[PDB]
Amino acid sequence: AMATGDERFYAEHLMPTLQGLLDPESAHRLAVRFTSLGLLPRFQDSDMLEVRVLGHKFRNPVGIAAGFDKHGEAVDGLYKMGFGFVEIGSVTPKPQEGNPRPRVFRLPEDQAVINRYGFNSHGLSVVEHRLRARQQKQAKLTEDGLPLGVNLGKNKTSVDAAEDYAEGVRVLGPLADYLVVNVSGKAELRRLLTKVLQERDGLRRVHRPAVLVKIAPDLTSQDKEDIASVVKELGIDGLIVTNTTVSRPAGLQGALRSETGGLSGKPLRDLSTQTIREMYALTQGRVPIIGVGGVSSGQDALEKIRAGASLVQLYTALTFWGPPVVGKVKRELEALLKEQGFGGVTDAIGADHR
Ligand SMILES: CCn1c(CO)nn(-c2cc3c(C(C)C)cn(-c4c(F)cccc4Cl)c(=O)c3cc2F)c1=O
Ligand SMILES: Cc1cc2nc3c(=O)[nH]c(=O)nc-3n(C[C@H](O)[C@H](O)[C@H](O)COP(=O)(O)O)c2cc1C
Ligand SMILES: O=C(O)c1cc(=O)[nH]c(=O)[nH]1
């Protein structure tokens, strides 16, 4: 009824109007500004959405994926939007501009975006001071089941990938509930992740974040088997499955389908779910998975949960549906959980594998 009306209006009228008036990067920039200022209305989270994972309570399992709030400017407005957790970044050590504009492209016919931002970042030091300003506010949020993740990048020109990520661990690890490293042979991955975990383990017990590895959906079977093996061997805390795809699934209609970059949204959905499914099996259900890629409904959310995800993220659906999508996904997920006989989200995790 009321929520649905709001959802209708945003999906059918407001967002298409606003996206038609703006270039896509301007739209992103304006969203971050509006969100930072809390210019949003406000769905009471039931107990059945609560998840305990990664050393933390999550009030609900629907997170904002990396890339929306690259520089940690809008964290409080994102909780206000109703996300159960927030992931900022990617943040690189040094400030960098990222790629030339235009670098974001809408494929509205496909409910997809292509981006090639190229890790535009304010840098660790700006983001550190920004999180420091609200550090105690975040400690209370985390305690109340609303944790904060930080995705760490590397500078375009850097010689030593591992040292960039290490810098990130040292600077932002003390302010994060979890840290994320994106990965694109096996001995080099082990070397990199060893160094990351060593740095993490050197932070004082109360400032010690979980470390997650975030994979694209474009990896070979050999890459996925090697990642599962290294993740288990090293005691990596979790996996974020997946980033955008450099593939172009047959059937894209948008005029901008041949733009270089990462494809997100609906055409990534089932690629992403199947990657969750394979990573869950290769890790024997022992490594918590955050599912991401084309979530715009409770059904999308539940398919990833049942495939092996403990938590989900979305970004692209926000570009088409606006802020009401968060309440929509949560409400539909709750209803689906009851319809399939699950007492809560926890019971559904990996339910397809059993
Ligand atoms: C991929 C880059 N990218 C694109 C282009 O593909 N769009 N986009 C978003 C834009 C918006 C906008 C724009 C249209 C002004 C407003 N609002 C919003 C709000 F922030 C506060 C109260 C009302 C509204 Cl509608 C959103 O939530 C929102 C979210 C997005 F992800 C975004 O990150
Ligand atoms: C504009 C844009 C910027 C992104 N930036 C980042 C980033 O800096 N780091 C990262 O790990 N993922 C980034 N992502 C990937 C998302 O976090 C997510 O994995 C992907 O978009 C799939 O989810 P979706 O289909 O819900 O958007 C970005 C995605 C988009 C669309
Ligand atoms: O900044 C970007 O280009 C970017 C980073 C990332 O991890 N994923 C993505 O789709 N874009």
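Just so you know, the numbers here start at 1 and follow the chain as drawn.
Backbone N, Cα and C define each Cβ position, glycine as well.
The FMN binding site annotation in Swiss-Prot covers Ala66, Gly67, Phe68, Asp69, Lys70, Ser90, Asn151, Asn182, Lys214, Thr242, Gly265, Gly294, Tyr315, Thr316.
All features noted in Swiss-Prot, drawn onto the structure.
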residue : record           : Cβ within 10 Å
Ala66   : FMN binding site : 26
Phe68   : FMN binding site : 22
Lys70   : FMN binding site : 24
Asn151  : FMN binding site : 24
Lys214  : FMN binding site : 22
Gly265  : FMN binding site : 25
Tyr315  : FMN binding site : 22
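As a whole number, the greatest separation of Cα atoms within the FMN-binding residue list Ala66, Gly67, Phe68, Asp69, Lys70, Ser90, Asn151, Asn182, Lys214, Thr242, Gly265, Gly294, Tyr315, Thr316 is 20 Å.
The distance from the Cα of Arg42 to the Cα of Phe43, across a stretch of 2 residues left out of the model, is 8 Å. Ligand 2 lies within reach of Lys214, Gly265 from the binding-site residues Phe68, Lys214, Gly265, judged by a C-beta closer than 6 angstroms to any of its atoms.
The distance from the Cα of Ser184 to the Cα of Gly185, across a stretch of 11 residues left out of the model, is 10 Å.
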